[PDB]
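1. Sequence and experimental coordinates follow.
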Amino acid sequence: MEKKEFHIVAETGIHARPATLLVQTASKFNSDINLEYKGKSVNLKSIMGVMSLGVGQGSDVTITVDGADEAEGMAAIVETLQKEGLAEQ
């Protein structure tokens with residue numbers, strides 16, 4: 001059980017594109033990985049929750065990873081976060 005915070009550096013608006021990008025990468029781990037924005041942590045893939053939340057404009061958020069993938073899980077997210085210019089390291 002380990003969480004990894006971050007901040008949106010895409011200043012895009014975490015849309016279905018970048019929005020899912022993370023969720024897609026976060027919601028693809030055998031571990032518990034979610035996103036937390038403003039303090040709200042929900043299965044990034046949680047459109048509903050995320051929807052109401054969503055980030056972008058240098059918006060900062062926090063990711064979480066718990067389980068086996070935990071490492072790999074967050075690994076991607078983390079990397080992706082800064083890989084997709086969605087979030088920084």
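-> Done, it's in. Numbering: from 1, shown residues only.
2. Just to be sure, residue 22 is in a strand?
-> No: applying DSSP: H, G, I helix; E, B strand; the rest coil, one finds residue 22 to be helix, outside a strand.
3. in stretch 3-21, what's buried?
-> For stretch 3-21, a neighbour-count test (16 or more other C-beta atoms under 10 Å) marks 3-4, 6-10, 12, 14, 18-21 as buried. Every residue, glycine included, has its C-beta placed from N, CA and C.
4. And the contacts of that stretch?
-> 22, 36, 41, 44-45, 50, 54-66, 74, 77-78, 80-82, 84-89 (C-beta atoms under 8 Å, 6 or more residues apart in numbering).
5. ditto for stretch 74-88
-> Defining contact as C-beta under 8 Å, 6+ apart, one finds that stretch 74-88 is touched by 2, 4, 6-10, 12, 14, 18, 21-22, 25-26, 28-29, 31, 33, 44, 60-61, 63-65, 89.
6. Okay, and which of the contacts of stretch 3-21 map to strands?
-> Using DSSP state E, the members of the contacts of stretch 3-21 that fall in strands are 36, 41, 60-66.
7. How far off centre is the longest helix seen in the chain?
-> Taking DSSP state H as the criterion, the chain has its longest helix at helix 70-83. Averaging C-alpha positions (C-alpha atoms, centre = their mean, to the nearest Å) puts helix 70-83 9 Å from its chain's average.
8. try stretch 43-61
-> Centroid separation for stretch 43-61 versus its chain: 8 Å, with C-alpha atoms, centre = their mean.
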